[PDB]
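Below you'll find only one chain, the form solved without the named molecule, shown as structure tokens.
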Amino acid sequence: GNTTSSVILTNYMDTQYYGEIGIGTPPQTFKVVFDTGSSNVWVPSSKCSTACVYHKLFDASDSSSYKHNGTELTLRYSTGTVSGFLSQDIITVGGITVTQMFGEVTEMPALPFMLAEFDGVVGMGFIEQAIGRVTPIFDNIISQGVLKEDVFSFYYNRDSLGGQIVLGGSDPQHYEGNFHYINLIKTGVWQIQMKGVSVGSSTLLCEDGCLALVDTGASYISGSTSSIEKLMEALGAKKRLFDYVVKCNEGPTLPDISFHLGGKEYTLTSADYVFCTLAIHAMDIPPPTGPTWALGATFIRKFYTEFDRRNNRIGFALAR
């Protein structure tokens, strides 16, 4: 029984990578985002009034293992806000069935959520980021002692699979070379320490230290406005006008962008962030978590990442 489950993901235009999870007995299948940036799991309930219309609704009277809770919770995002109440039931993810407390969403905003191919979220975060300190699912599936190693990996594919999360190990057919691990700067968050950004073979941003949160939930690579407009400057630019847009003739032409992460240099070439829209955006993130950089999808695409709970580090390997 020393396990490894695999969940294959759908790639909704390099911006949304999502999966399927089953909730209850028997399972209601939901499409969800796996997010190292959040710590609560939520889905819309059949108690929902808006964009409830458009997504699968969780219905407790079809589950033999539901044990209601009812406590409120409002989960707030840089994009959304959602609220409901706490429910309890059985989640099934790639063949791990764990008993989870999760929020049954009763109010969803009609704009960001309407055009979201996903129904809810499973956060891959630390108990410390949990609203209500509801034991996040990974602490919980580790408690069950079924996995090979208390690590989970992610493959984000370029828009034949779309992507893939492996719990308990890593998938060698999808990375090449070897992992180099960087340690969490402080537990509670999946954040490492960055030593600069070479926006050339020369520019240098954060030639000091700056923080970098490894966030699966994020679609782009982000930095603070301040930081991001110096970087966009020394590159091609064209401020705003539906978000940092450059010349297409000189796309191939743009320089490399390198992150100095614990020793090695992680560089992405023009072809990894130029779509013409650029895959880099700004997002001043507030204390506690901000001010930080956010290596989201755009980064993962290029680097297969391993999040290690037993040693609280992050390893990366060349994706393939």
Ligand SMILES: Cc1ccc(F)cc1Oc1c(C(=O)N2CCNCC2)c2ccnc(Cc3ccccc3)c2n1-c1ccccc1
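Sequential numbering from 1, following the sequence displayed. For the two forms, the rigid core is made up of the largest set of C-alpha atoms that agree within 1.5 Å on superposition.
There is also a form deposited with the named molecule bound; it is not shown, and the following applies to it.
Using a 4.5 angstroms limit between non-hydrogen atoms, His260 is distant from the named molecule in the deposited bound form. A residue is said to contact a partner when one of its heavy atoms sits within 4.5 Å of a partner heavy atom; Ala116 meets this definition for the named molecule in the deposited bound form.
At a distance threshold of 4.5 angstroms between non-hydrogen atoms, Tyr77 is in contact with the named molecule in the deposited bound form. Not displayed here, the named molecule is kept clear of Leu268 by more than 4.5 Å at the level of heavy atoms in the deposited bound form. Contact with the named molecule in the deposited bound form, defined as any heavy atom within 4.5 Å, is confined among 89-97, 216-224, 167-175, 192-200 to 216-224. The contact residue chosen from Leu204, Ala237, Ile185, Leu111 relative to the named molecule in the deposited bound form is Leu111, the criterion being a non-hydrogen atom within 4.5 angstroms. By the 4.5 Å heavy atom rule, the three marked residues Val33, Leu241 and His281 all count as contacting the named molecule in the deposited bound form. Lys239 shows a C-alpha shift of 2 Å or greater between the shown form and the other one [criterion: core-superposed Cα displacement of 2 Å].
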